[PDB]
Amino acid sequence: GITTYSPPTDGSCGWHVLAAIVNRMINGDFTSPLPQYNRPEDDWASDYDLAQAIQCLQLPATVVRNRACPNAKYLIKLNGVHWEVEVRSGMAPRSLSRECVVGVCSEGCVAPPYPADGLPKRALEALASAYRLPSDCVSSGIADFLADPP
């Protein structure tokens, strides 16, 4: 039993995917609350951008390549050239390693339970502030916010 979120194809798809994961974890609402932001193709969030942001936001998510990490609650995929995200609806979230997050973990990787305090205080505000920055700067943006917000 799986639920897949497909964001509006504004070119900020990648950041809408992360927004949705956070929006589901926090509110049960598996959709992006971020305003649409039309982006040239050159500024589409890359696998590397998403992976760095996952770590800033400390999300139990993976970018899948070949095999999907069996420890990942959220699975970021692209069909065609647009990012989407699946949630394993049951499944308790597990804290993932860099290899799991990046989608290169090998057969029978291991992950511990994700803690109740695992998610940053105001993670979604952080993402809101940063997602209109150039895609490769967004993570730094997110990190900036989480170090001191208003």
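The numbering used is simple: start at 1 and walk along the sequence shown.
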138-146 set against 10-18, stretch whose average Cα temperature factor tops the other in the entry: 138-146
Stretch with the higher entry mean CA B-factor, where the candidates are 42-50 and 118-126: 118-126
Largest Cα B-factor, entry values, listed residues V85, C109, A61, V102: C109
Chain thirds of CA B-factor: placement of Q55: middle
Within-chain third of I76 by Cα B-factor, per the entry: lowest
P113 by Cα B-factor - lowest, middle or highest third of the modelled chain: highest
For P35, the third of its chain into which the C-alpha B factor falls: lowest
